[PDB]
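Below you will find one chain, with nothing else, as structure tokens; this is the form deposited in one PDB entry, and questions on how it binds or moves follow later.
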């Protein structure tokens, strides 16, 4: 398929309904060889199993909160992939109380610091750590959400972290392009897994009249990490069925 020859590391695989799993499935179907991180002991087993289902036995612990953890993960990867072609960053978090109710009341200095560290800094932390390992032609990919561009109820300090993240894509694309590395994001629509009401709304007003699926997101992610997207860098691509471009439907 259109990723044959490519080795891509996938972060954030959680369950078979997670976007990262939809991306890993798509990439695998297109011929990539994959490697996977897991955060901690609770998730290790499920990730090993899913990795093995998609032909891989490269399953490595990584906590992106820690610079040391990122480095030793890449040291391990390099024993099997001295060079590789990019990675998929699907990691985003804010403490739970950040995301409920009025933004100005909910946000705190520490909730801000964590959400930005985990959801934005970790993308460039990973790049810094594997930079010399990336072949010419590599592509980095992160996931974002409309809350970066619009104020969405409850999304709160995650909007600011995703906005930081999308500027990180541009700064990274600009810095890394001359060595032959592209860096893009997908701004994914809400995916059916307060939520019920937001989904009903979103299907009714999306031009394609349905929420995107993890398969849809996976196919766009495979494209953006393949040589087929050689012309695209620093771009936030909306994979939300046109939801963001309509108003008052």
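Throughout, rigid core stands for the largest set of C-alpha atoms superposing within 1.5 Å between the two forms. Numbering follows the first chain given and starts at 1.
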Query - Greatest C-alpha divergence in 5 other deposited structures of this protein once each structure is fitted on the rigid core, 184-192 or 45-53 - result: 184-192
Query - residue 193 to residue 194: deposited residues without atomic coordinates - result: 4 to 9
Requested in this report: Report the stretch with the higher mean CA temperature factor, choosing between 101-109 and 160-168 on the basis of the entry.
Outcome: 101-109
Query raised in the report: Of the two stretches 35-43 and 218-226, which shows the higher Cα B-factor on average in the entry?
Result: 35-43
**Report entry** Criterion, highest CA B-factor; candidates, 177, 95, 147, 86
**Finding:** 95
Report summary line: In terms of its chain's C-alpha B-factors, the third that includes residue 239 is the lowest
Requested in this report: Please rank the C-alpha B-factors of the chain's modelled residues and tell me whether residue 155 sits in the lowest, middle or highest third.
Outcome: middle
Query raised in the report: Is the Cα B-factor recorded for residue 61 in the lowest, middle or highest third of its chain?
Result: middle
Query raised in the report: Compared with the other modelled residues in the chain, in which third is the CA B-factor of residue 186?
Result: lowest
Query raised in the report: Within this chain, which third does the Cα B-factor at residue 132 fall in: lowest, middle or highest?
Result: highest
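Unshown form deposited with a small molecule bound; subsequent notes refer to it.
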Query raised in the report: Contact between residue 189 and the small molecule in the deposited complex at 4.5 Å, heavy atoms?
Result: yes
Query - Heavy atom of residue 14 within 4.5 Å of the small molecule in the deposited complex - result: yes
Query raised in the report: Any chance residue 206 has a heavy atom within 4.5 Å of the small molecule in the deposited complex?
Result: no
Requested in this report: Decide whether residue 63 counts as a contact residue for the small molecule in the deposited complex under a heavy atom distance cut-off of 4.5 Å.
Outcome: yes
Query raised in the report: Is every one of 81, 138 and 223 in contact with the small molecule in the deposited complex, taking contact as a heavy atom within 4.5 Å?
Result: no
Report summary line: the small molecule in the deposited complex has a heavy atom of only one listed residue within 4.5 Å, and of 56, 39, 219, 213 that residue is 39
Report summary line: None of 112, 93, 121, 103 but one has a heavy atom within 4.5 Å of the small molecule in the deposited complex; the exception is 93
Query raised in the report: Can you pick the stretch from 71-79, 84-92, 175-183, 127-135 whose heavy atoms fall within 4.5 Å of the small molecule in the deposited complex?
Result: 84-92
